[PDB]
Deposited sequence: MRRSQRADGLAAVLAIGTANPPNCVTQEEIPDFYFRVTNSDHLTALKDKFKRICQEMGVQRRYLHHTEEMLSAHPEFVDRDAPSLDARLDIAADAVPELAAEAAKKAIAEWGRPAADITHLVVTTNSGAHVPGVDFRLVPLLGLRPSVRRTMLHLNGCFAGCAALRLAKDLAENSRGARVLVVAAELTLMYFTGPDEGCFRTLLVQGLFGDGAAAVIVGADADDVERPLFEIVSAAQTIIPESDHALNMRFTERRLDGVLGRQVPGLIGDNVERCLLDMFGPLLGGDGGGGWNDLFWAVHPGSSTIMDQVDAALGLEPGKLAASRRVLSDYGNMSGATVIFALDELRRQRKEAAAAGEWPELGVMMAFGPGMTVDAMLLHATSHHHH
């Protein structure tokens, strides 16, 4: 027999919606919040270091699902040695679908079609470890059809957003009329703990990471009501050799833990241009493109600017998101795309994560 009916055009971003927990904390307030809630206000020298750390990261505010009352109800969280994964996951099991549903509802309202018209759902988050997972939970929350084709991607780290969208391109293009809802979400309560007594990596997490969810509707062959924002021309992925030790994460009994190596910015700076040329090559002056890049930190952005000889305005959307929300793992790069669209015909949407891996898409912007 023959193939099913497929799409004609490229998969396109048709809508983007985003969401954050209500608890907003500025960089200036973060030291006071973190040191109070972890019973560490007597550690003056350490607090002062954290203050200086926080000022150099390019983050101005973030949104946190956890609050003083939540942490008071869960003192095990601040104890670096206490098992507490169960309690973190229990909160995440409820909170992530709620936050994801809020972002998805806004994407669907922008899209202009009913939730019942979604045929595929791709969900990615580090902040979950359940079957049925967030993908299942969204079904009744959004009123999806029971036969929606779901993909649950637990724990894919910083490249997770781009990884999920790469999948959505193929799902959207391989069935006529397919409409894919992509959701990435991140809750930093999974990492939250008391101060370290080494090189300050929990403090790095505290200064850099925030919570959010981003939802994207992806579809080929837009109809009359739909409004394509970007076509996904190509989606690729590659590996920086000999760099798995520099960045990694895993579930533990105590929390989501890992390594945020000082090598990371340099590795990105040294390799980004070659990665893009290996990934896209034939399909493409880096200043002739637009950019939606997973920010990481101010330093990582500086590394990317330098490596690619980028003008100041090129990473502005990506920097803005970092400034306004902090790093939200997989969702961050989609916030960046959303910011870019609010602010060249061809462009690059990319994210680096553990591996080290780069996930990137070549995007074409509706004129």
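Novice: Checking coverage: what stretches of the deposited chain sequence are missing C-alpha positions?
Specialist: In sequence order, the gaps with no modelled C-alpha are 285 to 290, 350 to 359, 384 to 387.
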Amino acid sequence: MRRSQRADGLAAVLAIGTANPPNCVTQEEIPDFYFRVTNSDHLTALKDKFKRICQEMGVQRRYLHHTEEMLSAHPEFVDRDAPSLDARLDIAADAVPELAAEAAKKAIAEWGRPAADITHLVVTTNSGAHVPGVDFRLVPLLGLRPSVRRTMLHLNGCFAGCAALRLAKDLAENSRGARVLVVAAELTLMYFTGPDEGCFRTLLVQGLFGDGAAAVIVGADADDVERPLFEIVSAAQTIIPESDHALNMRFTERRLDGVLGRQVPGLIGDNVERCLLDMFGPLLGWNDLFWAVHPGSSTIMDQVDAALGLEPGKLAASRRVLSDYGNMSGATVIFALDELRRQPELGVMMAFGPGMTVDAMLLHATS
From here on, numbers count along this sequence of modelled residues.
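Novice: Tell me which of 261 to 269 and 196 to 204 has the higher mean C-alpha B-factor in the deposited entry.
Specialist: The stretch with the larger average C-alpha B-factor is 196 to 204.
Novice: Quick one: say whether 292 to 300 or 133 to 141 has the higher mean Cα B-factor in the deposited entry.
Specialist: The entry gives the higher C-alpha B-factor average to 292 to 300.
Novice: At the C-alpha atoms, which of 128, 281, 97, 212 reaches the highest B-factor in this entry?
Specialist: Among 128, 281, 97, 212, the highest C-alpha B-factor in the entry belongs to 281.
Novice: Where does residue 106 sit by CA temperature factor within its chain: lowest, middle or highest third?
Specialist: Middle third.
Novice: Which third of the chain does residue 38 land in by C-alpha B-factor: lowest, middle or highest?
Specialist: Answer is highest: the recorded C-alpha B-factor places it there.
Novice: Relative to the other modelled residues of the same chain, rank the CA B-factor of residue 254 and answer lowest, middle or highest third.
Specialist: It falls in the middle third of the chain.
Novice: Splitting the chain's C-alpha B-factors into thirds, which one does residue 357 fall into?
Specialist: Middle third.
Novice: Based on the deposited C-alpha B factors for this chain, I'd like to know if residue 222 is in the lowest, middle or highest third.
Specialist: Within its chain, residue 222 is a highest-third residue by C-alpha B-factor, going by the deposited values.
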